[PDB]
Amino acid sequence: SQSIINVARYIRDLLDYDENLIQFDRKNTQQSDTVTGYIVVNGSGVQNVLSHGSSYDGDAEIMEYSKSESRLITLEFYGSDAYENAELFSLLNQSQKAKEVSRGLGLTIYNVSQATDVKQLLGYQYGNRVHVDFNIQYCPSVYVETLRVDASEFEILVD
Amino acid sequence: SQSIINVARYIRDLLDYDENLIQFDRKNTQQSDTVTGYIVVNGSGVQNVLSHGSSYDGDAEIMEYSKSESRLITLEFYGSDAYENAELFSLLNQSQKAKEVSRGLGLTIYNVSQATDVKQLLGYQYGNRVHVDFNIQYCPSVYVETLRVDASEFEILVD
Amino acid sequence: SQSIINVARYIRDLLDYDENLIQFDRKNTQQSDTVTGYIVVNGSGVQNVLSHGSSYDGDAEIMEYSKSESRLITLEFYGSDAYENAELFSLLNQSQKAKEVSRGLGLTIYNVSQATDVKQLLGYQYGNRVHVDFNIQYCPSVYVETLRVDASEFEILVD
Amino acid sequence: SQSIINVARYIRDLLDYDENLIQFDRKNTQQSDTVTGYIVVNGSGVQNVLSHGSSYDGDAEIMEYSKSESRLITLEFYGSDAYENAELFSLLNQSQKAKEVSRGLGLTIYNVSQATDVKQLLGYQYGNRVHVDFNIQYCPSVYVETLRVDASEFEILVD
Amino acid sequence: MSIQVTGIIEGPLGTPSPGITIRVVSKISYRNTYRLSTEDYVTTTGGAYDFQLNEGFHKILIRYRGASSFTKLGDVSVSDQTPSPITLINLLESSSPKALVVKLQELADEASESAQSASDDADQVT
Amino acid sequence: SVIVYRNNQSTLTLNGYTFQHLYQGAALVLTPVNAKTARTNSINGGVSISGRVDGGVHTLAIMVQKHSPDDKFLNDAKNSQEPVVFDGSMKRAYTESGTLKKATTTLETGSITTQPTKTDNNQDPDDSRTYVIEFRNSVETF
Amino acid sequence: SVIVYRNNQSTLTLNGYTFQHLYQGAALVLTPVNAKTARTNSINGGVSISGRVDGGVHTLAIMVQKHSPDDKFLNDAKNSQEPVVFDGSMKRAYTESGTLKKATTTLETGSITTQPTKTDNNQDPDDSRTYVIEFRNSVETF
Amino acid sequence: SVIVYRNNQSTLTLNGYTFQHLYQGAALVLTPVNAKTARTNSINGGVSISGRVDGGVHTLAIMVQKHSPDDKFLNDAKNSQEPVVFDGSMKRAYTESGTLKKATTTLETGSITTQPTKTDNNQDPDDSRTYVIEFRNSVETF
């Protein structure tokens, strides 16, 4: 839903990096000018749930179905400055700047797990491409207008 | 038999979603107009049995062969609004609405286990496609006209 | 970033071996004249992190985000003298010369783990090619201009 | 380096077998006249190290970097008499003749581990080909002219 | 002001059945993401619908009483600029785009009215 | 026999408070700590049947979200000055063939007996607070 | 319920010194060594609830870089003439729904109880110094 | 923090003799046999901290080549008429950021405590003589 876009936001203004140069994932988008170092938030990793909360509110009476989950979103950096935008990210991920800018992004951020300089077969040529891994954990939610119970009439019986 | 159609029913009127837009599975059905977000109840997962009950009735005398089993039925959402119809399902699955509408569908409903945004190679283009997993457990039954025993004559012998 | 180039440096002046004859890895570079024994620092192995330090400096006040990690970089020797440049490396790796020349290369150097004479299918011919394995461990770093706290005003309250 | 050639020597004059009929391995060499039973010392198996010694000599002062290791070198016998040259080897490997002729071949010799009559697809025909396995263990070495320490001047201090 | 959509159910919406029912689920961004509020409306004879509608993101569904499920009429974003006396088939054509983020920048007008309130509150002290 | 449940997991409530943030993946589990009856067995077809006093003593392992209303309730229970008794029920709804039955299991006076092993990772997310409330009587009825 | 954390790992500090070189991959872990209350259970619906004196006794396993400021602090603690008491806190920041809450766990008087098993390899890099500071009171609050 | 070592393995020397044939693959390992301080813990926020007398007692497992100068030294130690005390040091060189530090660990009076399990194979080569010299004081400093 919004999680991948959120982590894209976080990487947008942790690296102080451009809008148009962060594309999402295995969507359709042309990577022209290989040296223009792109970053893509690959979300192809299976997101697995952890719990299904259910809270209820009394006065402004509605309730709240939540679902905590996590996904191994990878980051692929491209371009001549792929390596740097890998390392400089893979290392600022756990600074002030990151941990201070991911304020409202309803999305935890775990440590970078591993890296790889797996390039891409660009047709008789090799374009710089680096993957970095980190589990991301978030929790989508929805709100539903149910209604409470004010009393309960009932009857008993005995032998 | 009826189980997959039943879970199709449950997803039909949990999402308040259309007839003609829920197709079953790896049948033959054309997915025209990619944006028309479809939902398909993939039943290709192996259904494995758990037990084979056998009950017997006395007055309206017939008996009852049952077979409890479960299958990892997956749900594939398509269309531009695949993500939403994934999440909004993956989260209403355990609400009032679901747990209240699956009244007579002789079919339990377990929590959504995992999700994936594995798209489909639509020929030089990527169409939105998301899988969500959840084990489903049900129990088909059949009734057979056997007949009871009213008495038992017999003889004994001794040295 | 610099790690692979550093291990290339270390192998450059442990074997007293040429610039132009050490190429890096799965980049684009032609291997002309098979007998010209090349050496390539294959870094395709996944580098996995170990820890994410965070130090802070007081007077020249900035701080220091570090990330220790390791990668199974392999070495592929080519050329008619591949075997020798394998063994003679696989054995000088733990001498004076190596352990004395890797002074400032911010990069530990572990023992050679295993070797292989896996050649390459050079099109109806076999060119000498030997891999030697050794985990390499290093730690990239970055420095950030944060700022310290000189005091802390505050207020208390009691029942 | 020399290890494979050494085991080739050992098999050369354990079977009292010909020079020109022992070719090494996955090199380039034509196997003409299938019945001419060849033997090849396949060294494609990964050789893995075990230890990295380091000894030092005093008077004729140099030192000695060693590296013990082992490799699962296989032997492929060809030719109409493949079977015999398999078995007759697979059984003389642990006799007087072998254990007496491998005097200076700086190379231990372990028992034959397993055999196989995996033939080769010679293009609509099957040529006799048998593999026999045995781990071989050896230790390459190099000598380096370092220099000793004759004394050590130094100073102490105390509060 | 809040709009009032009305007309006669015709064309792709279906035959003017005198019992057809519609359902609007509004996505009111409540605290963290949003809250969905449902409301079902029925129709008078001749297949006639007439009902007011609040502003915001509304998903409209259609179905007939005694039918097996709804039909996705679709999303819509009623803003402060859509016409008031409009038919439903017409409004369904003005579906919600992703201009909402640019719309968020209508807070400039709110900022200005706050500035004018601050000014015409401050000045009277004299 | 033919059987289908509403209520995916056994809906559970202790002290009139219902658990609603259950860690997915087999959160609740009831374990009988002891037997139901020990016996001494003598010669030539003779035994003695004695139901122990520890009959229903069941440990209930609960898995809850790392910081949830459910974990808040359980934690505030754990940190009380006086250990708080737990009374309540675990039950499921289920329709046998067409008839709707309810399978309930009471849980008498119980208490914390193993704190969660509080683990926090960086590699991988872990929000797994496992409490174990072990009661004395756990009678299932249906 | 809906929940998201700042502060990837539970930021931790003992003796006013904060741990900042944490071995990635589940460095910190809190384990309750004992129960929270033992009970004796007699006949016919009767039990006795007694919270033990070992209630909060929690072991904290810390994994730190082989030679780090954090390992320097822990080591200098380990080699002191007099074993150094450890007081401090493990805590996380986290926003419940929109509200920002802080989940803190105090750690009272504690000490070294298992030295790291100092392992050095050649095959593979290993910088894994695991200390275990086991305190007596570890009260989580939120 | 940022850190890099010279000296692949912790260079080691007992009795002024340096180990130079170390079986590759984690030959040396130091294990603390005991705690650093046992405690008794009484009611209402009270504990007692006592550093044991077995504080530094560390076992050092060494893996050496089946018949090597290092194994020759260790074996001649093992077969002595009077068990030979072992004193020496395990240490590494390492540059913290730019500064070059040395991390040393003394090893006081120690001795053989588990002979190598002498195994000889034919399938597979095995030259793995593992001694265990367990000392009493093993103080790391840096």
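Residues numbered from 1 in each chain as written, not as in the entry; some residues may be left out. Chains lettered and ligands numbered in written order. Part of a larger assembly, values for the part shown. Heavy atoms only, no water. Residues with missing side-chain atoms left out of burial classes, pairs and counts.

Per the deposition metadata, cryo-EM was the technique used to determine this entry, at a resolution of 3.6 Å.

Q: Explanation requested: the overall build of chain A in the structure shown.
A: Within chain A, the regular secondary structure consists of 3 helices and 11 strands. Going residue by residue from the N terminus, the α and β elements of chain A occur as α-β-β-β-β-β-β-α-α-β-β-β-β-β. Relative to a compact globule of 159 residues, whose C-alpha radius of gyration would be 15 Å, chain A shows 22 Å and is clearly more extended. Its C-alpha atoms give chain A principal-axis dimensions of roughly 90 × 35 × 25 Å. Counting over 159 residues, chain A shows a buried share of 56%. A sequence separation of at least 24 residues applies to 62% of the contacts in chain A between residues at least 6 apart. For chain A, the accessible surface area stands at approximately 7,500 Å², while carbon and sulfur atoms represent 50% of it. (Helix = DSSP H or I, 4+ residues; strand = E, 2+ residues; numbered from the N terminus. Rg over C-alpha atoms; globule rule 2.2 N^0.38 Å. Buried < 20%, exposed > 50% of the residue type's maximum accessible area, 1.4 Å probe, protein only. Contact = heavy atoms within 4.5 Å. Areas by Shrake-Rupley, 256 points an atom, 1.4 Å probe, with all protein chains shown as cover.)

Q: Even after reading the chapter, I still don't get the overall build of chain E, so can you show me in this structure?
A: Across its full length, chain E carries 3 helices and 7 strands. The C-alpha atoms of chain E give 19 Å as radius of gyration, which overshoots the globular expectation for 126 residues (14 Å, by more than 25%). Each principal axis of the C-alpha atoms in chain E carries an extent, and together these give about 70 × 30 × 20 Å. Contacts in chain E between residues at least 24 apart in sequence constitute 57% of all its contacts with a sequence separation of at least 6.

Q: How should the nonpolar core be read in this particular structure?
A: Soluble, globular proteins show a tendency: their nonpolar side chains are buried together. Ranked by internal contacts, the top residues of the largest apolar core, which has 37 residues, are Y10, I11, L75, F77 and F89 of chain B. For this core, the elements supplying multiple residues, two or more each, are β5 (63–66) and β11 (141–144) of chain A together with α1 (3–12), β2 (39–42), β6 (68–78), α2 (82–92) and β10 (129–138) of chain B. Examining the composition of this core, we find that 6 residues originate from one element, α2 of chain B, more than from any other. Apart from residues lying up to four places away in sequence, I11 of chain B is in contact with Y17, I22, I39, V41, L75 and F77 of chain B. Within the second largest apolar cluster, 34 residues are counted, among which are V7, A8, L105 and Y138 of chain A. (Core = buried A, V, L, I, M, F, W, Y, C linked by side-chain atoms within 4.5 Å.)

Q: Teacher, can you tell me more about the interface of chain F and chain G here?
A: Between chain F and chain G, the contact holds 34 residues from the first and 40 residues from the second. Where chain F packs against chain G, one counts 2 salt bridges. A salt bridge links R39 of chain G to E134 of chain F; the nearest nitrogen and oxygen atoms lie 2.4 Å apart. Where chain F packs against chain G, one counts 18 residue pairs in polar contact. For the side of chain F that touches chain G, the secondary structure elements donating two or more residues are α1 (69–78), β9 (100–114) and β10 (129–134) of chain F. Grouping the amino acids of the side of chain F that touches chain G by side-chain chemistry returns 7 nonpolar, 16 polar and 11 charged. (Salt bridge = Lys/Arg side-chain N within 4 Å of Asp/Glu carboxyl O. Polar contact = N/O pair within 3.5 Å; in protein donor to acceptor, adjacent residues only side chain to side chain. Nonpolar A, V, L, I, M, F, W, Y, C, P; charged D, E, K, R; others polar.)

Q: Is there a simple way to think about the sheet that holds strand β11 (residues 141–144) of chain C in this case?
A: Within a beta sheet, neighbouring strands are joined by backbone hydrogen bonds and run either parallel or antiparallel to one another. A sheet is described by the order of its strands in space; here 3 strands give the open sequence β4-β5-β11 (chain C), paired in antiparallel fashion. This sheet does not close on itself; its edge strands, each paired only once, are β4 (54–56) and β11 of chain C. The sheet shows a mean angle of 20 degrees between the axes of neighbouring strands, taken without regard to direction. Pairing of strand β5 (residues 63–66) of chain C with β11 of chain C involves 4 bridges; the strand directions are antiparallel. What sits directly across from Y65 of chain C, in β11 of chain C, is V142 of chain C. Sitting on the sheet, helix α2 (residues 82–92) of chain A touches β5 and β11 of chain C, and the angle it makes with β11 of chain C is about 65 degrees. (Pairing = 2+ DSSP bridges. Axes fitted to C-alpha atoms, helices over the stretch in contact; angles between N-to-C directions.)

Q: Before we go on, may I ask you to explain the pairing of strand β6 (residues 46–50) of chain G in this structure?
A: All names here are of chain G. Note that strand β5 (residues 38–42) and β6 share 5 bridges and pair antiparallel. The residue of β6 that forms the bridge with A38 is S50. A loop of 3 residues connects β5 with β6, the two strands running antiparallel in sequence, and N44 in this loop sits at a positive phi of about 50 degrees.

Q: Where do I start with the packing of aromatic side chains in this structure?
A: Centre-to-centre distance and the angle between the planes together describe a pair of aromatic rings. In the structure shown here, the tally under the stated rule is 26 aromatic pairs over all chains. Grouped by ring-pair contacts, the aromatic residues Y17, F19, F73 and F86 of chain F constitute a single cluster. The ring of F70 of chain E has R63 of chain E lying over it, and the distance from NZ or CZ to the ring centre is 4.5 Å. Lying over the aromatic face of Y5 of chain H, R92 of chain H brings its terminal NZ or CZ to 4.2 Å of the ring centre. (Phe/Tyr/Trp six-rings, centres within 6.5 Å; stacked < 30°, edge-to-face > 60°. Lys NZ or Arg CZ within 6 Å of the ring centre and 35° of its normal.)

Q: Help me understand unusual backbone geometry in this model?
A: Most peptide bonds take the trans form, and the phi angle of most residues other than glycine is negative. Here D33 of chain B, not a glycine, exhibits a phi torsion of approximately 60 degrees, which is positive. Among the secondary structure elements, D33 of chain B is positioned in the loop between β1 (22–23) and β2. The backbone of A26 of chain F shows a phi angle near 65 degrees, a positive value even though the residue is not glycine. By relative accessible area, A26 of chain F is classed as exposed at 66%.

Q: Whenever I open this one, the side chain of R129 of chain D confuses me. Can you help?
A: Residue and element names in this part refer to chain D. By secondary structure assignment, the location of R129 is in strand β10 (residues 129–138). Judged by its relative accessible area of 19%, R129 falls in the buried class. For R129, the side chain forms a polar contact with the side chain of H131, separated by 3.1 Å. Excluding anything up to four places from it in sequence, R129 contacts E76, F77, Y78, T116, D117, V118, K119 and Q120.

Q: Just to check I follow, could you spell out the relation of the copies chain F and chain G for this structure?
A: Relating one copy of the chain to the other takes a rotation about an axis and a shift parallel to that axis. Placing chain F over chain G gives an RMSD of 0.0 Å and needs a rotation angle of 60 degrees, together with 0.0 Å of translation along the axis. Expressed as a symmetry operation, the mapping of one chain copy onto the other fits a six-fold axis. Nearest to the rotation axis, the C-alpha of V33 of chain F is located 20 Å from it, this being the minimum over chain F. (Least-squares fit on C-alpha atoms.)

Q: Explanation requested: the interface of chain B and chain F in the structure shown.
A: Note on interface size: it is often stated as the accessible area lost on association of the parts. The interface is formed by 17 residues belonging to chain B together with 10 residues belonging to chain F. Of the roughly 1,200 Å² buried between chain B and chain F on both sides combined, carbon and sulfur atoms contribute 50%. Along the contact surface separating chain B from chain F lie 0 salt bridges. Between the two partners, chain B and chain F, sit 2 residue pairs in polar contact. Among the residues forming the side of chain B that touches chain F, the class breakdown is 6 nonpolar, 8 polar and 3 charged. (Buried area = accessible area lost by both parts, 1.4 Å probe.)

Q: Please clarify how helix α1 (residues 69–78) of chain H should be interpreted in this entry.
A: Given 3.6 residues per helical turn, the α-helix brings residues three or four places apart onto the same face. All names here are of chain H. Regarding α1, the residues found buried are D70, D71, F73, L74 and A77. For α1, the buried positions fall inside an angular range of 160 degrees around the axis, keeping them on one side. On its buried face, α1 is in contact with β2 (11–14), β3 (17–18), β7 (58–64), β8 (86–95), β9 (100–114) and β10 (129–134). (Arc of directions from axis to C-beta.)

Q: Help me understand the sheet that holds strand β7 (residues 85–86) of chain E in this model?
A: All names here are of chain E. An order of β4-β1-β7 is seen for the 3 strands of this open sheet, with the pairing classed as mixed. The sheet is open, and its two borders are formed by β4 (48–53) and β7, each paired with just one other strand. Pairing of strand β1 (residues 3–8) with β7, which is carried by 2 bridges, proceeds in the parallel orientation. Bridging from a neighbouring strand, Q4 pairs with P85 of β7.

Q: Any chance you could explain a nonpolar patch on the surface here in plain terms?
A: Residue and element names in this part refer to chain E. On the surface, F57, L100, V101 and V102 cluster together to form a nonpolar patch covering roughly 350 Å² of accessible area. When residues of the nonpolar patch are assigned to their parent elements, the largest contribution, 3 residues, is made by helix α2 (residues 100–104). One can find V101 in helix α2. (Patch = residues over 30% accessible without salt bridge, like charges linked within 9 Å, V, L, I, M, F, W, Y side chains within 5 Å.)

Q: What should I look at first to understand the environment of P18 of chain E in this one?
A: Residue and element names in this part refer to chain E. Mapped onto the elements, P18 comes out in the loop between β1 and β2 (21–28). As for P18 and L91, which are separated by 73 residues in sequence, their C-alpha atoms are 21 Å apart. Leave out the neighbours within four places in its chain, and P18 touches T43, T44, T45, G46 and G47.

Q: Is there a simple way to think about the pattern of salt bridges in this case?
A: Charged atoms that come close allow side chains of opposite charge to pair. The full count for this structure, using the stated rule, is 30 salt bridges over all chains. For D13 of chain B, the salt bridge identified is with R12 of chain B, shortest N-O distance 3.7 Å. Given the relative accessible area of 25%, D13 of chain B is considered partly exposed. A salt bridge links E76 of chain B to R129 of chain B; the shortest N-O distance between them is 2.4 Å. Taken together, the positions of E76 of chain B in strand β6 and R129 of chain B in strand β10 put the pair 53 residues apart, joining distant regions of the chain. Neither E76 of chain B nor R129 of chain B differs from the other in exposure class; each is buried. Beyond isolated ion pairs, a larger network of salt bridges with shared partners links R12, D13 and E19 of chain A.

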